[PDB]
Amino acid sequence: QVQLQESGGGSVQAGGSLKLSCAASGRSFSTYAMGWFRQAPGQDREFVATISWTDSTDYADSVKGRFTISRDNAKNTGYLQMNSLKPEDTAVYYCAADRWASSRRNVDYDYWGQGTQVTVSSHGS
């Protein structure tokens, strides 16, 4: 089992950047896949990116070329670098982990953080 804690959220101008971190506590972090999901109010919790135990990555089409997922097993930490942020990215961002799956389905991850709020302004504001 792992416990996860996200950090790095904020409220930024469109086109800006943020970096989210997810700090894991528990045994065998290197054996977990890590996922990022996001939920806007009155919307379903959606796949953003995942990284496998071998650093194989997967991204939603909506964030390809803008977001980068990574991990540092020595720090038991995962990261989501978010560049060229858009108002469509506003949401609570959750990190999730699982040893038995590495998919784009939220039901396939059994360990979740509490979430970090990301807010992005309108375009050209």
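Note that residue numbering follows the sequence shown and begins at 1.
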Seminar exercise, completed: Taking the deposited Cα B-factors and averaging over 35-43 and over 67-75, the higher mean is found in 35-43
Exercise. Mean C-alpha B-factor higher for 50-58, or for 95-103?
Worked result: 50-58
For this session: Can you work out whether the C-alpha temperature factor of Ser25 puts it in the lowest, middle or highest third of the chain?
Result: highest
For this session: Relative to the other modelled residues of the same chain, rank the CA B-factor of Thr116 and answer lowest, middle or highest third.
Result: middle
Problem set entry | Among modelled residues of the same chain, the CA temperature factor third for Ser7 | lowest
